[PDB]
Amino acid sequence: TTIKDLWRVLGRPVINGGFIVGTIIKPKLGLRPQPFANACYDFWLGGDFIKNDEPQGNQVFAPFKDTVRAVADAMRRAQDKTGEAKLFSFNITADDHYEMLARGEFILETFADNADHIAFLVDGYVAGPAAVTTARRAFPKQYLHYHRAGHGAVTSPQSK
Amino acid sequence: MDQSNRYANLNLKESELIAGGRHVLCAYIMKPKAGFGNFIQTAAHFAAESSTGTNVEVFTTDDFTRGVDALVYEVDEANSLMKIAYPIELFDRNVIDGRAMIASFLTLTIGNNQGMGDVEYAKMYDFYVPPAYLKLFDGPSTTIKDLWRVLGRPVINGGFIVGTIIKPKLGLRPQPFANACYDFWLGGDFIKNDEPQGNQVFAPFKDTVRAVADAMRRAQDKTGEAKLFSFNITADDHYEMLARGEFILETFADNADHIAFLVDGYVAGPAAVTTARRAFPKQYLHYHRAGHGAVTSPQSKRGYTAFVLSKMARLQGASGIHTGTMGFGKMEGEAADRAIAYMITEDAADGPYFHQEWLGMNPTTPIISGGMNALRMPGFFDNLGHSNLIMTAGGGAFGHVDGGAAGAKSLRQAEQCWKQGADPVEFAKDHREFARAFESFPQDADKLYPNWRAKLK
Amino acid sequence: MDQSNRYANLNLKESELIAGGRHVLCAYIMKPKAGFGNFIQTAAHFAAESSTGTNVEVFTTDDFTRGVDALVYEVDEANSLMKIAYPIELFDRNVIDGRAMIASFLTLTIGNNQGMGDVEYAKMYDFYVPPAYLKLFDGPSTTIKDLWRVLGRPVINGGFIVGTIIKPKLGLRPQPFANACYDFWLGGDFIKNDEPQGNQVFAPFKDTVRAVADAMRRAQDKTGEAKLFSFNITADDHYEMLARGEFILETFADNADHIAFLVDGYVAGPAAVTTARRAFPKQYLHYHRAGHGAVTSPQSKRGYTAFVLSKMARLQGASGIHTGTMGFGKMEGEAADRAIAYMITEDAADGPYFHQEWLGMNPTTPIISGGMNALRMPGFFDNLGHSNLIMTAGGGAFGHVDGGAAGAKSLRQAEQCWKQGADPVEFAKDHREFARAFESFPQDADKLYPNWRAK
Ligand SMILES: O=C(O)[C@@](O)(COP(=O)(O)O)[C@H](O)[C@H](O)COP(=O)(O)O
Ligand SMILES: O=C(O)[C@@](O)(COP(=O)(O)O)[C@H](O)[C@H](O)COP(=O)(O)O
Ligand SMILES: [Mg+2]
Ligand SMILES: [Mg+2]
Ligand SMILES: [Mg+2]
């Protein structure tokens with residue numbers, strides 16, 4: 001999957017479809033499911049794409065399934081209000097391959113007719129290539145968003 | 001019962017329906033049966049049976065239902081033409097991933113309407129799929145580019161893939177089967193299973209797969225060139241398809257990207273095509289259409305055309321589909337079938353009634369097969385205009401008098417002649433294997449090249 | 001190229017080919033195109049393209065190959081008849097369990113031969129399957145007995161299952177859909193999804209399944225009788241079919257044995273039918289044949305007949321298949337179609353060309369549907385001779401002027417009229433739901449019972 005597939009969902013040209021206006025839900029951690037979804041809705045009134053901040057998932061104060069359901073409702077509301085397609089990139093990173101599958105399968109089923117508006121975020125540097133491949137091979141029709149948190153430990157020019 | 005007031009709206013404009021992007025359009029050639037309704041009444045009942053209604057009024061109908069009715073928007077009784085607009089909300093979607101299914105498109109648009117007692121016949125000639133519905137289809141994941149890359153060809157306009165089918169259709173035991181493979185691969189690129197070859201008692205699947213893998217490795221060592229094989233993994237059982245594909249990839253090992261999977265998509269159905277597309281997206285999916293002629297033949301006034309079949313196969317995710325020889329081979333076909341190839345390969349193309357934008361959906365290769373040989377190829381290519389495709393010649397290769405390798409070479413040379421714009425008889429004087437195709441198929445040579453004897457001596 | 005010396009052996013005796021048990025026999029109505037070969041030459045080429053050959057000689061052919069050639073063994077050019085014997089070794093088998101696949105039978109016997117440039121047309125009217133090949137097919141695992149048992153009927157000759165289809169075909173949202181189910185179930189037994197109903201954006205699958213399960217509980221509590229539902233689980237993706245079926249059974253819970261699974265087997269194909277048969281063998285498999293008319297219609301001279309389709313469906317494992325109304329309803333059909341029902345229900349039966357022994361393979365129910373209503377049923381049963389079947393009437397139930405429940409009772413009562421041997425107009429004098437079906441469908445009433453209003 002490539003940006004072509006995001007441009008197509010947005011109704012843009014599939015060749016040089018242009019700039020995708022995005023954000024990250026901030027606070028990095030701390031928003032409960034409904035204030036999280038309220039921030040999504042607000043941003044989507046003027047923007048295209050939202051990604052989870054890299055550590056957001058299934059914290060005790062923002063359970064994964066409740067957050068996924070509130071975000072799916074916010075996507076429908078924002079799309080109904082604006083008449084424009086909206087995208088979300090969900091963190092499905094886990095140590096356990098079966099947890100990654102369980103997260104991705106739940107998201108696609110929940111988003112239903114908006115399932116092609118979903119990207120899957122993987123923290124590929126800390127979880128490793130095995131986690132990246134789990135998402136690439138299990139969900140090849142969903143845009144795979146590689147987040148590189150931790151890379152700076154070796155990539156910095158300060159490191160030789 | 002006259003349902004034309006509900007199901008016909010001839011004041012709708014086709015460009016507004018296309019522009020709106022909320023409807024699938026289908027164009028049919030139809031005739032009412034004698035003693036029932038007129039053309040519009042019959043077309044209206046056809047739309048009702050293809051969307052929300054039945055042959056009588058039901059008291060459970062509400063206005064929400066009426067809003068998703070399929071509508072007859074254009075008729076031309078003189079040319080037996082009927083066009084229907086299907087609201088895209090009617091089509092079924094997967095619960096697991098929200099994607100489209102061709103089974104739902106088929107059920108509504110060419111399902112029960114094919115058994116109506118008040119219709120003599122109705123055949124779909126074209127369909128339009130708007131962006132909102134088009135993007136929900138799988139589309140191809142692997143293309144000819146992936147075969148060209150393995151062959152060391154350019155990934156854009158990589159050219160002609162010289163192929164064959166292992167003949168006899170059935171009857172070769174595993175080692176004679178693999179020997180024919182090896183012989184052809186000394187001069188050619190690609191081999192496909194003949195459509196029914198699989199796990200017959202006399203040619204067990206695992207033994208054949210192992211012998212073919214050894215023949216691929218020996219031909220590649222002998223020639224220094226990459227070779228391809230397309231295996232039939234068709235089964236009624238999904239788990240048998242998986243078991244066949246998994247065994248092949250493991251056995252071929254470092255040559256696993258040289259493998260294509262063949263599915264008899266018309267007889268096994270879209271479910272079998274989707275099993276291969278979704279289980280093995282990194283393996284070229286070769287759609288074989290055995291049985292299609294029962295509806296696609298122009299002799300049939302029912303079902304759908306080969307153009308419609310080919311267009312659906314691209315949505316389903318075939319990497320390639322058999323498009324026929326366009327009148328140049330042994331099966332039914334016409335020169336005008338070149339438009340089928342353009343619909344499945346281009347990003348934008350014209351069907352008989354609708355223009356289609358593919359929005360970057362991957363192309364489906366036209367696979368040319370059916371009574372082809374070296375002698376018939378130049379005329380075929382003149383009609384199509386290119387050779388960025390796979391052509392398989394079973395009888396044309398294994399019926400060459402000097403063997404499979406010579407027959408493969410004869411097909412390579414045929415395309416080299418067409419590419420150089422050469423006269424085939426003159427060209428033949430300097431290309432033996434191609435000149436020996438004249439002697440292997442002397443009935444084709446007398447028809448296509450009269451007096452080839454006097455010049456080829 | 002004339003291949004008749006190899007692929008035609010008209011000295012073979014059909015009775016010896018049957019007795020040998022080593023061949024599948026197919027009977028076709030075939031016409032050659034002009035300017036090619038004569039009838040036998042064309043039939044021989046047809047057999048070559050349907051077994052071991054092509055249109056030219058290939059030097060890889062050996063005598064072992066010649067031994068598995070399909071052979072033209074009988075021709076009747078005057079009646080355009082061609083009969084071909086296929087050695088059973090030709091047919092593909094599963095690597096995982098050694099069983100047969102209908103996809104291989106179809107590929108060889110009615111595959112590429114349907115695109116031949118030298119044939120005008122060729123349609124299969126009958127086929128014979130010997131014991132050695134027959135026993136390798138799945139066959140049905142669930143039958144009408146399993147529905148009769150759930151209904152509390154005798155498991156032998158349990159009788160007529162009163163059914164409907166939820167109409168509108170599409171458009172009802174989940175609660176309006178479930179309300180129509182509840183209403184019909186107050187008078188009837190069985191409800192099927194209309195063939196395209198599934199997971200439309202306006203009627204999501206899980207919401208509809210949950211509302212229907214609540215309606216089943218309410219109708220069962222109200223009536224004290226068991227109710228059945230046949231859900232469409234058709235999908236291109238095998239994993240979507242499993243996901244739909246698994247959700248339904250879990251949701252219906254203690255009513256899970258009241259569920260049948262509907263598969264659009266002609267458009268989704270044999271692969272979809274086998275997914276349901278093998279994944280859910282304890283759930284009645286309802287084969288819906290939408291699209292079949294493109295080849296089965298007598299207007300077509302290609303492909304195969306409805307008889308051939310129905311016979312294959314029994315081998316595939318359909319618990320039931322739509323066999324049509326045999327000319328009594330809105331779809332194309334002939335009264336002679338009663339022989340289709342007998343082929344799929346009996347242990348031994350005659351097709352147009354071949355007698356078939358089923359060796360105890362389970363029967364497939366004839367599912368009767370398509371423009372049926374209470375008025376048309378007596379004539380239907382008189383032609384068939386029995387009512388041990390499922391009949392679904394969508395328009396016939398939901399077009400009844402007094403509602404779905406009354407619609408259901410008119411169907412029940414019209415079978416009681418036929419079973420009792422009563423005159424339908426006299427019977428209607430004492431059965432109001434039946435009588436009101438005459439008022440609901442007055443054009444059918446005027447044709448079938450001329451002076452019903454006076455009486
Ligand atoms: O079995 C055969 O006849 C072929 O292998 C061709 O063999 P030959 O080269 O010897 O003729 C193909 O299956 C047909 O081409 C199918 O027709 P189509 O491509 O139209 O679907
Ligand atoms: O959609 C329909 O038309 C039906 O639900 C019948 O509804 P009605 O009762 O309202 O007519 C069935 O699918 C047809 O009977 C199929 O034909 P067949 O059984 O011949 O395959
Ligand atoms: Mg971040
Ligand atoms: Mg073939
Ligand atoms: Mg129906």
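Chain letters run A, B, ... following the sequence lines, proteins first, then strands; residues in each count from 1. All ligand and atom numbering here is 1-based and tracks the order in the structure. These values consider heavy atoms only, across backbone and side chains, with no hydrogens, waters or symmetry-generated copies.
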* Is the closest side-chain heavy-atom distance between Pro176(C) and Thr60(B) below 4.5 Å? ->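 No, their side chains stay 4.5 Å or more apart.
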* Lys NZ or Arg CZ of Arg244(B) over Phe205(B) ring: under 6.0 Å, within 45° ->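 That pair qualifies as a cation-pi contact.
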* Asked: Can you count the protein N, O or S atoms that lie less than 2.8 Å from the Mg ion (ligand 5)?
  -> 2
* Heavy-atom pair with the smallest gap, counting every atom of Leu262(C) and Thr234(C) -> O-OG1, 3.7 Å
* To do: Please test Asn193(B) against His288(B) for side-chain contact (heavy atoms from CB on, under 4.5 Å), starting from the C-alpha separation and ending with a verdict.
  => CA-CA 10 Å; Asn193(B) 269 138; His288(B) 196 273; over 6 Å; no
* Looking at residues at least two apart in the chain, or sitting in another chain, which of them share a ring pair (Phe, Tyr, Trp, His ring centres under 6.0 Å) with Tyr86(C)? ->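 Testing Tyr86(C) for ring pair (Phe, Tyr, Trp, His ring centres under 6.0 Å), a comparison that skips the adjacent residues, returns none.
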* **Expected output: side-chain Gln114(B) to main-chain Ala122(B) donor-acceptor under 3.5 Å** =>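 Such a contact is found between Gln114(B) side chain and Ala122(B) backbone.
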